[PDB]
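Undergrad: Going down the list, the protein sequences come from chains A and B.
Heads up, the first sequence is in the entry's author numbering, so the first residue is 1 and it goes up one at a time.
Heads up, the second sequence is in the entry's author numbering, so the first residue is 2 and it goes up one at a time.
Pasting a structure here, questions to come.
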Amino acid sequence: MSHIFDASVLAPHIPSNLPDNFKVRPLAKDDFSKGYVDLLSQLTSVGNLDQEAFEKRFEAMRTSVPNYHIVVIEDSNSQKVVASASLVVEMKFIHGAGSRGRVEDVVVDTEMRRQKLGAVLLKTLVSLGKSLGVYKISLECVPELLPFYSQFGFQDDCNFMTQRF
Amino acid sequence: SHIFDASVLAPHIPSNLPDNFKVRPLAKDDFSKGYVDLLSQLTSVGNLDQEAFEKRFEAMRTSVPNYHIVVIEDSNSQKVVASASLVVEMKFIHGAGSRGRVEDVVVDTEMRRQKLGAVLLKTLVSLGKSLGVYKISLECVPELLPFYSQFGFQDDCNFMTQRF
Ligand SMILES: *SCCNC(=O)CCNC(=O)[C@H](O)C(C)(C)COP(=O)(O)OP(=O)(O)OC[C@H]1O[C@@H](n2cnc3c(N)ncnc32)[C@H](O)[C@@H]1OP(=O)(O)O
Ligand SMILES: *SCCNC(=O)CCNC(=O)[C@H](O)C(C)(C)COP(=O)(O)OP(=O)(O)OC[C@H]1O[C@@H](n2cnc3c(N)ncnc32)[C@H](O)[C@@H]1OP(=O)(O)O
């Protein structure tokens with residue numbers, strides 16, 4: 001039904017190099033029925049997420065400002081969501097009330113990999129976050145993904161700490 | 002106008018800190034208590050005047066999850082001398098879980114090595130656990146390992162960044 005953010009803000013950022021069966025768009029409320037939770041399960045554990053919790057969380061995200069820019073790719077051949085990536089923006093006071101962007105939950109369906117859907121999403125989100133005015137954008141991942149992330153500007157960084165246990 | 006609720010902060014503030022220090026949420030009038038001069042000791046604050054401060058503070062105060070910005074005010078100067086933020090990212094993964102990030106940690110240069118930084122980290126790790134976050138992280142510099150290792154944190158280089 002509804003989109004998690006306005007598809008008009010995303011439109012200028014979507015590249016043009018994907019086959020016509022791919023549609024890049026905001027997550028939508030009825031993407032549960034399009035396999036979104038199955039997609040997330042390929043990334044990590046979804047725990048007890050079910051459709052009611054998915055819809056409630058989707059509403060909470062949809063009313064947030066800055067928006068949760070959760071961008072998906074729907075394969076029109078199957079009408080399933082086959083890729084997802086999130087650009088989440090934290091408001092700051094530093095840098096003149098600037099914004100700090102993070103690219104999270106990046107996943108492409110395992111059968112659909114090496115068709116460029118991953119690069120399309122990271123390119124779209126990097127362009128969206130620059131346009132939004134973010135001063136710093138980051139990705140938490142293993143950069144075995146070296147070739148991949150660097151061509152969009154990301155550099156290895158170790159100014160990040162997690163808990164030991 | 003407080004950025005988040007003092008009653009939520011209360012159980013996580015450690016005991017018997019010296020009495021010239023008050024640990025509390027960031028307040029809209031903290032601009033007049035030297036908040037910008039404190040943040041400058043962390044990085045460029047740009048042209049953050051009172052009007053822009055207040056516009057941004059209100060945008061953050063109405064966001065859910067809240068921006069858990071905790072500051073320490075010193076009596077002996079009536080100035081904000083320390084600040085740290087716990088910012089919470091909603092997820093769908095982990096049962097519509099939530100991810101906590103400790104950010105913008107800074108103690109005024111004249112007030113360092115009096116445990117203010119430690120109080121802020123203990124407070125925010127305890128508050129993040131209460132909020133039910135499944136993972137918490139810190140962004141800091143590796144040179145400061147002898148500080149952050151005291152609150153469970155260790156360096157994690159599965160991270161990439163760029164400045165625009
Ligand atoms: S932690 C953040 C990343 N998310 C995950 O790691 C979750 C699981 N992995 C994925 O969902 C996908 O494997 C990701 C990493 C999102 C990649 O998506 P795509 O497969 O759609 O990537 P592209 O087709 O756009 O790939 C472009 C370039 O990526 C490099 N590359 C991808 N995968 C590999 C592997 N497996 N081994 C070596 N290199 C890989 C290549 O430079 C690739 O260009 P090619 O023309 O495909 O060689
Ligand atoms: S996450 C940090 C990113 N922020 C900054 O880099 C901003 C500039 N730095 C600061 O604001 C302060 O130096 C920080 C890093 C916030 C620490 O604040 P405090 O000065 O209040 O620290 P504590 O008194 O709580 O220190 C507790 C123990 O941590 C170690 N420690 C603090 N500072 C250092 C330095 N610079 N180098 C090595 N260790 C440091 C000490 O073990 C300290 O215990 P002592 O009992 O003082 O030795």
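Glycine residues also receive a C-beta, built at the ideal position from the N, C-alpha and C atoms.
According to a CB-to-CB cut-off of less than 8 angstroms, which residues of the region 31-42 of chain B neighbour chain A?
TA: Answer set for the region 31-42 of chain B: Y36, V37 and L40.
Undergrad: Taking C-beta pairs closer than 8 angstroms, name the residues in chain B that A:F154 reaches, listed in chain order.
TA: Counting from 1 along the first sequence, the entry for residue 154 of chain A is found at position 154. Those are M161, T162 and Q163, listed as they occur along chain B.
Undergrad: Under the assumption that A:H95 contacts B:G47 (Cβ atoms under 8 angstroms), give the Cβ distance between them as a whole number of angstroms.
TA: The residue given as residue 95 of chain A occupies position 95 in the first sequence. The residue given as residue 47 of chain B occupies position 46 in the second sequence. Yes, they are in contact, since the Cβ atoms of A:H95 and B:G47 sit about 5 angstroms apart, within 8 angstroms.
Undergrad: Using the beta-carbon of each residue, find all residues closer than 5 angstroms to any heavy atom of ligand 1 and list them in chain order.
TA: Going by the Cβ distance cut-off, the answer is A:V106, A:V107, A:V108, A:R113, A:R114, A:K116, A:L117, A:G118, A:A119, A:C141, A:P147 and A:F148.
Undergrad: For ligand 2, is there any heavy atom lying closer than 7 angstroms to the beta carbon of B:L139?
TA: Working through the second sequence from its first residue, we reach residue 139 of chain B at position 138. The answer is yes for B:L139.
Undergrad: For A:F22, name the three-state secondary structure that DSSP assigns.
TA: Within the first sequence, the letter at position 22 stands for residue 22 of chain A. Reduced to three states, the DSSP call for A:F22 is strand.
Undergrad: Quick check: the Cα distance between B:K92 and A:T63, rounded to an integer number of angstroms?
TA: Along the second sequence, read from residue 1 onward, the residue named residue 92 of chain B stands at position 91. Along the first sequence, read from residue 1 onward, the residue named residue 63 of chain A stands at position 63. Their backbone Cα atoms lie some 14 angstroms apart in a straight line.
Undergrad: Is B:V134 helix, strand or coil when you go by DSSP?
TA: Looking up residue 134 of chain B in the second sequence gives position 133. If DSSP states are grouped into helix, strand and coil, B:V134 belongs with coil.
Undergrad: Is B:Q42 near ligand 2, with its Cβ less than 7 angstroms from a heavy atom?
TA: Taking the second sequence and counting its residues from 1, one reaches residue 42 of chain B at position 41. The answer is yes for B:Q42.
Undergrad: Does the CB of B:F5 have a neighbour CB from chain A at under 8 angstroms?
TA: Taking the second sequence and counting its residues from 1, the one referred to as residue 5 of chain B is at position 4. It does not: the Cβ of B:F5 has no partner Cβ on chain A nearer than 8 angstroms.
Undergrad: Using only CA atoms, which one of A:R113, A:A97, A:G118 and A:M112 lies nearest to A:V103?
TA: The count along the first sequence starts at 1 and reaches residue 103 of chain A at position 103. That would be A:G118, whose Cα lies nearest to the Cα of A:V103.
Undergrad: Considering only residues of the same chain and omitting the five flanking positions on each side of B:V72, which have a CB-CB separation below 6 angstroms?
TA: Locating residue 72 of chain B in the second sequence gives position 71, where the first residue counts as 1. If we look at B:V72 and ignore the five residues flanking it on each side, its Cβ neighbours are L27, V81 and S84.
Undergrad: Should B:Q151 be counted as a contact of ligand 2 given a C-beta to heavy atom distance under 7 angstroms?
TA: As a first step, residue 151 of chain B must be located in the second sequence, where it is residue number 150. It does: the Cβ of B:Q151 is within 7 angstroms (strictly closer) of some heavy atom of ligand 2.
Undergrad: Got a sec: is the Cβ-Cβ distance from residue 1 of chain B to anything in chain A below 8 angstroms?
TA: Outside the modelled stretch of chain B, which goes from 2 to 165, sits residue 1 of chain B, for which no answer is possible.
Undergrad: Hey, would you say the C-beta of B:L18 is under 7 angstroms away from at least one heavy atom of ligand 2?
TA: In the second sequence, residue 18 of chain B corresponds to position 17, counting from 1. False, no ligand heavy atom lies under 7 angstroms from that Cβ.
Undergrad: Taking A:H95 as part of the alpha helix (DSSP H), name the residues at either end of that continuous run.
TA: Counted from its first residue, the first sequence places residue 95 of chain A at position 95. Here the alpha helix (DSSP H) through A:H95 covers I94 to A97.
Undergrad: Check the DSSP bridge columns for B:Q115 and list the partner residues they point to.
TA: Translated into positions along the second sequence, residue 115 of chain B becomes position 114. Answer is none; B:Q115 lacks a bridge partner.
Undergrad: State yes or no: is the beta carbon of B:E59 nearer than 8 angstroms to at least one beta carbon in chain A?
TA: For this step, residue 59 of chain B is matched to residue 58 along the second sequence. No - not a single Cβ of chain A is within 8 angstroms of the one on B:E59.
Undergrad: Let's test the definition: count the other Cβ atoms within 10 Å of the Cβ of B:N21 and tell me whether it reaches 16, buried, or not, exposed.
TA: Locating residue 21 of chain B in the second sequence gives position 20, counting from the first residue. Classification of B:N21: exposed, given that the 10 Å Cβ count is below 16.
Undergrad: Would you mind working out which of B:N77, B:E55, B:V24 and B:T162 sits nearest B:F32, comparing C-alpha positions?
TA: Counting from 1 along the second sequence, the entry for residue 32 of chain B is found at position 31. Of the candidates B:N77, B:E55, B:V24 and B:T162, the one whose C-alpha sits nearest the C-alpha of B:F32 is B:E55.
Undergrad: Taking only beta-carbon atoms, is A:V88 less than 8 angstroms away from chain B?
TA: Numbered from 1 along the first sequence, position 88 holds the residue referred to as residue 88 of chain A. Chain B, which has a Cβ nearer than 8 angstroms to the Cβ of A:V88, makes this yes.
Undergrad: Between A:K130 and chain B, is any beta-carbon pair separated by less than 8 angstroms?
TA: For the purposes of this step, residue 130 of chain A is taken as residue 130 along the first sequence, with counting starting at 1. Chain B contact via Cβ: present.
Undergrad: Using the three-state DSSP reduction, which class does A:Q42 fall into: helix, strand or coil?
TA: Taking the first residue of the first sequence as position 1, residue 42 of chain A is located at position 42. Note: A:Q42 maps to helix in three-state DSSP.
Undergrad: Please find out if some non-hydrogen atom of ligand 2 comes closer than 7 angstroms to the beta-carbon of B:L39.
TA: Numbered from its first residue, the second sequence carries residue 39 of chain B at position 38. False, no ligand heavy atom lies under 7 angstroms from that Cβ.
Undergrad: Can you check whether the CB of A:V107 is closer than 8 angstroms to the CB of A:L43?
TA: Here the question's residue 43 of chain A lines up with position 43 in the first sequence. Here the question's residue 107 of chain A lines up with position 107 in the first sequence. Closer than 8 angstroms, so yes.
Undergrad: If you measure from the beta carbon of A:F54 to each beta carbon in chain B, is any gap under 8 angstroms?
TA: Here residue 54 of chain A refers to the residue found at position 54 when the first sequence is read from its first residue. Taking Cβ atoms only, chain B reaches closer than 8 angstroms to A:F54, which makes this a yes.
Undergrad: Tell me whether B:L145 counts as near ligand 2, meaning its Cβ is closer than 7 angstroms to at least one heavy atom of that ligand.
TA: As a working note, residue 145 of chain B is residue 144 in the second sequence. Indeed, a heavy atom of ligand 2 lies less than 7 angstroms from the Cβ.
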